[PDB]
């Protein structure tokens, strides 16, 4: 039930506010894993864009031990988006022989971490030698920061290449487009959740895109949350929507490169909002796009789309797709 989720989300944000202060509320996002434990006194933050791991505690007693468990637990947590609640403070059982972060972070030695002993020794180094302090205005927050390896993003994208490969054959969608979208949407974060309900690697909204893809595939209803936190399903669903936007919704755009710009913007903002930039009449809008150059279409969408997000999106996917195109 969505209403139940909206309530708990409200409760979750409030519980953080009471302990940390309104100006210290950090919540999990599409590109940011954030997990609260210790009755909200301890939080772990993976920032996937910047490649940093920040572990913080505001516990008044034995701060270092709190950080230690959160450090170790984060370093060794298993890749399980389906199981963990990033909007609860409950301490999920997550330890794994192949941690999610394995190879994406190295310890003090330059070694990858897949077991408690190395994680534990690395936690001592960080506490002894990288411990920082700052204030709420009322309380001390203690933290350590870990920088991920320089190519942490390539390593993450490596997990999903096979899934992208298949999805690309299956629907006739370029591998480079698919990658550019998941990299821009989630930075290859399997735990990705947005404020607008986008779920997973390709950030799929269940009721709009997810529903529409289910129609083409001859289904009724909606993709479930658990279906979309499965990476291959998520990547298959997101790639289908790109094929659908191209073939059906934006099918009246003739120039394939113009249509690509329209499809990239639409993925994010909806096909109607993209067409409405040109006319309130969907056919007349496509006809107008058909009298323009692709560079002009690009220029119109990046400067005159209503949404600053969708506008920035077009630029960021287009730049990214270049890098994935060769191979």
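Positions refer to the first chain, counted from 1.
Student: On average, which has the higher Cα B-factor in the deposited entry, 78 to 86 or 224 to 232?
Tutor: Going by the record's values, the stretch with the higher mean is 78 to 86.
Student: So which stretch wins on mean C-alpha B-factor, 303 to 311 or 11 to 19?
Tutor: Going by the record's values, the stretch with the higher mean is 303 to 311.
Student: Comparing recorded Cα B-factors across 128, 152, 134, 169, which one is largest?
Tutor: When the deposited C-alpha B-factors of 128, 152, 134, 169 are compared, 128 is largest.
Student: Whose C-alpha has the highest temperature factor in the PDB entry: 44, 293, 265, 39?
Tutor: Among 44, 293, 265, 39, the PDB entry lists the largest C-alpha B-factor for 293.
Student: Which third of the chain holds residue 99 when residues are ordered by C-alpha B factor: lowest, middle or highest?
Tutor: Lowest third - that is where residue 99 ends up once the chain's C-alpha B-factors are sorted.
Student: Test of reading the entry: by CA B factor among the chain's modelled residues, which third contains residue 238?
Tutor: Lowest third - that is where residue 238 ends up once the chain's C-alpha B-factors are sorted.
Student: Residue 105: which third of its chain by C-alpha temperature factor?
Tutor: It belongs to the lowest third of the chain when residues are ordered by C-alpha B-factor.
Student: Within this chain, which third does the Cα B-factor at residue 69 fall in: lowest, middle or highest?
Tutor: It belongs to the lowest third of the chain when residues are ordered by C-alpha B-factor.
Student: Considering every modelled residue of the chain and its Cα B-factor in the PDB entry, is residue 61 in the lowest, middle or highest third?
Tutor: Middle third of the chain for residue 61's C-alpha B-factor.
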